[PDB]
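Novice: got a sequence here, can you build the structure:
(chains A, B and C)
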Amino acid sequence: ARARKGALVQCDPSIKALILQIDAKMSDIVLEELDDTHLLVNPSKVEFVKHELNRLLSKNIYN
Amino acid sequence: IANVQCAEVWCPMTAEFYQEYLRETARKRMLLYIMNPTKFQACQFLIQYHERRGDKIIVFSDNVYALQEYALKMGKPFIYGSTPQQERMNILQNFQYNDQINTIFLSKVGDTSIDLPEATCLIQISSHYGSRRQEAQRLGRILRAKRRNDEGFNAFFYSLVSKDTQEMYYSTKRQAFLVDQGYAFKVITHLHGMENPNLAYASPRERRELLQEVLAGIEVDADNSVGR
Amino acid sequence: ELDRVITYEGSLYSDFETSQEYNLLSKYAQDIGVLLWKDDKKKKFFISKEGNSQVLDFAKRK
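Specialist: Residues are numbered from 1 along each chain as shown, chains lettered A, B, ... in the order given. Structure data below:
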């Protein structure tokens, strides 16, 4: 009966957890948790999330 | 002489393998990007493609766990440190002279030294820190022109790389070094027509079987074979 | 794996009154190849931005 625009993000559970951590810090990122591997995210924040994930993973001093 | 096409073949990590790759912090994680089933399938396809051309193929694995998982599954002979002198010579003589045996697997014991045999195709399952120079040397020692003087390339080097892993960092480096050494070099992201072959690991369950086996391994299993 | 994170623009459908209505639109969306995700237990699904107008049009014709 209702539709809303957004960006669907499909990712592994560990990445889902990381995006939730990003949201908790920055807010206004995650619109809905959909399932263990899917989120609805603010479309204007998708590139931010992708860049931040890359930084979190690639720049980790314990790599 | 030999005209060599060099290629890196970039293979996605199966999501189940990528999950564990992230979670595990010890060198054990090297085994997850080495045994990644997409990389195995690429290796299997390349052996098929080249054996159809009656090319001779050496597959190099620096890791014994991987050497055996690949060779035994693909039913090809393998040579590594503990292979006896007699069995090693049987295999090399078979590779060299028996038309039914044109692909063999060799570990770090290959370079150097016993006498590396000649081949038209060299496939490296792994890439690591940090000898770009030992790679080019081995490429040079092994690769001979398939006796196709008309053809643009008569010998082939492939290095299989798992995407989203530390393996990729070694790539911008290898490409620069090989071209600077005078080689034609490209990146392959999709092997033309892998979907026309019957390759292993087509099901999630078969991949999970391998995943369990890799997870059971130890940090020792993920070290390169050392030899003096 | 980060290399396996995929994102898609589109529309999330929800608030279905009946299981039959939800599954009708879900099936039509799958038939025309525009359904990206669904969860029967929540009666929600996500349609590609490209496919959204056709799904809306089908809904309004029932």
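Novice: in chain B, what residue lies closest to chain A?
Specialist: Closest approach between chain B and chain A, counting by CB to the nearest CB: residue B:19, at 5.2 Å. For every residue, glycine as well, the C-beta is placed using N, CA and C.
Novice: let me fix that, I meant to ask about chain C.
Specialist: For chain C, CB to the nearest CB, closest residue to chain A: residue C:15, 3.9 Å.
Novice: count the residues that sit near that residue.
Specialist: 11 (other CB atoms under 10 Å in any protein chain shown).
Novice: what does the longest strand belonging to chain C contact?
Specialist: If you go by DSSP state E, chain C has its longest strand at strand C:6-14. Applying CB atoms under 8 Å, 6 or more residues apart in numbering or on different chains, the external contacts of strand C:6-14 come out as A:1-11, A:32, A:34, A:40-41, A:43, A:46, A:50, C:25, C:36, C:42-52, C:55.
Novice: pull the distance from that strand to the chain's centre.
Specialist: 8 Å (CA atoms, centre = their mean, to the nearest Å).
Novice: only alpha carbons, please: show it as PDB.
Specialist: Extracted C-alpha coordinates of strand C:6-14, given in PDB (Å, rounded to 0.1, in the frame of the first residue of the first chain):
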ATOM      1  CA  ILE C   6      26.200  -3.800  -3.500                       C
ATOM      2  CA  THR C   7      23.800  -0.800  -3.400                       C
ATOM      3  CA  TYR C   8      20.800  -0.100  -5.500                       C
ATOM      4  CA  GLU C   9      18.500   2.900  -5.900                       C
ATOM      5  CA  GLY C  10      14.800   2.300  -5.800                       C
ATOM      6  CA  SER C  11      11.700   2.000  -3.700                       C
ATOM      7  CA  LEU C  12      10.700   0.000  -0.600                       C
ATOM      8  CA  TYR C  13       7.100  -1.200  -0.600                       C
ATOM      9  CA  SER C  14       5.300  -1.900   2.700                       C
END
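Novice: list the buried residues for that strand?
Specialist: For strand C:6-14, the neighbour count (16 or more other CB atoms under 10 Å in any protein chain shown) marks C:7-8, C:10-14 as buried.
Novice: tell me the secondary structure at residue B:123.
Specialist: Following DSSP: H, G, I helix; E, B strand; the rest coil, the label given to residue B:123 is strand.
Novice: need the phi and psi values for residue 36.
Specialist: You didn't pick a chain, so chain A it is. Backbone torsions for residue A:36, taken as degrees, to the nearest 10, come to phi -60, psi -20.
Novice: that's the wrong chain, I meant chain C
Specialist: phi -100, psi -20.
Novice: what number of residues lie near it?
Specialist: Counted with other CB under 10 Å, residue C:36 comes out at 20.
Novice: show me the contacts for it.
Specialist: A:8, C:8, C:10, C:45-48 are the contacts of residue C:36 under CB under 8 Å, 6+ apart.
Novice: the same query, at a cut-off of 10 Å, please.
Specialist: A:8, A:10, A:38, C:6, C:8-12, C:29, C:45-49, C:51 (CB atoms under 10 Å, 6 or more residues apart in numbering or on different chains).
Novice: for chain B, what's its nearest residue on chain A.
Specialist: Counting by CB to the nearest CB, chain A gets nearest chain B through residue A:12, at 5.2 Å.
Novice: that residue: neighbouring residues, count only.
Specialist: Neighbour count for residue A:12, taken as other CB under 10 Å: 19.
Novice: show me what from chain C comes close to chain B.
Specialist: C:1-5 (CB under 10 Å from any CB of the partner chain).
Novice: can you list those residues in JSON lines and add neighbour count, distance to chain A and secondary structure?
Specialist: Shown next, in JSON lines, are the residues of chain C next to chain B (neighbours: other CB atoms under 10 Å in any protein chain shown; distance: CB to the nearest CB, whole Å; DSSP: H, G, I helix; E, B strand; the rest coil):
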{"residue": "C:1", "neighbour count": "24", "distance to chain A": "6", "secondary structure": "coil"}
{"residue": "C:2", "neighbour count": "20", "distance to chain A": "5", "secondary structure": "helix"}
{"residue": "C:3", "neighbour count": "15", "distance to chain A": "10", "secondary structure": "helix"}
{"residue": "C:4", "neighbour count": "18", "distance to chain A": "6", "secondary structure": "helix"}
{"residue": "C:5", "neighbour count": "19", "distance to chain A": "4", "secondary structure": "coil"}
